[PDB]
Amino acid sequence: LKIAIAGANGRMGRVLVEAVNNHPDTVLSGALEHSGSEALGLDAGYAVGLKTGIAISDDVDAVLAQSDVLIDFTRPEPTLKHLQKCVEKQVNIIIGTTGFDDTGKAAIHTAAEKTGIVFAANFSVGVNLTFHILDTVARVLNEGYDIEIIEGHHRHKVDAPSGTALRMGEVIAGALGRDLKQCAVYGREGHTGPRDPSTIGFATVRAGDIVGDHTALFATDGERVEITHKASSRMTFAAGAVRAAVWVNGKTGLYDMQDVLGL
C-alpha cells in the first residue's frame, strides 16, 4: 500500500518514513515538504539511515496521484491546502495536526463525503486505549476516589498541561458528570486545606528530555489505581498513523481513532 508523508524532513515526518518501512502491508510512495525548504531533492530515508528509493518532492499535484494515502503532521494552515488536492484524486488522508480552527473543522466534515479521513488529536494506540479505559474506571470508582492527573514532559514544552492530560481530564469529568472548567486545580501553594471530593488535580512536571509521561490516579482509603502511559519516542504516534492508514481500505467518511481500535 502506497503511503505519502508530508513534512518529510521534519521531526515527526522522519519517524513516519521509518514507520512505513516497519509495517509490512505498507511501502513508501511519496514525500512532500515546503516549497523552499532544503529538503527537496534528497532521499526520504536518508536521515534515518536507509535507502528510501524516493526523492523528497514539493509537488502536491504529482505525488498524490501515485499514492493511496497521505499522512500529515504539519502546521494547521497548509493542511487545509493539502486536504483540497487530496479530495480531487480520490485519495485517503490521515490528519495528525491538532489545535485547529472551528471553521476548519467543518472543512474536514465536508471533505469526508468524498474520501476517507481519520481525524484524531493523538495517534498513539496506548493513549487512545487509555482514554477508553478511563471512562470505565471513572464509572466504577465514582464515589470516594480522589482524581489526579500527573504529567511529565521535556523542558522545551510551552503549554501546561498537555493536550493529552486535558483530554484525560475531559473523559473523567464527562463520565462523572462534572465540569472540568469548574473543578480543575493546576497547582498547590499554601493552605490548600482538605481536598474537595469534586476536585480533579493536575500536577505538571517540566524537565530534561522527557517525551511524554502521563498517569491518571484514583485514590481512596485503602488503595490506589493508576493508569499510566509512557512514550519512548515519536514512533508511538507514527505507528498509530500508519495503522490508521492501513485501516482505511478505500473507506469513506470521518473516523475517530477509536474506530480503528474497535472501541
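Residue indices: 1-based, along the sequence shown.
Checked against the record, the higher mean CA B factor of 115-123 and 130-138 lies with 115-123.
The PDB entry reports B-factors from which the mean C-alpha value can be compared for 5-13 and 247-255; the larger average falls on 247-255.
Of the candidates 192, 84, 182, 164, the one whose C-alpha carries the top B factor in the deposited record is 84.
In this structure the maximum Cα B-factor among 227, 39, 235, 205 is found at 39. Sort the modelled residues of the chain by CA B factor and residue 170 lands in the middle third.
For residue 143, the recorded CA temperature factor ranks within the lowest third of the chain's modelled residues. Sorting the modelled residues of the chain by their CA temperature factor places residue 106 in the highest third. When all modelled residues of the chain are sorted by CA temperature factor, residue 151 is found within the lowest third.
Annotation for residue 44: CA B-factor lies in the middle third of the chain's modelled residues.
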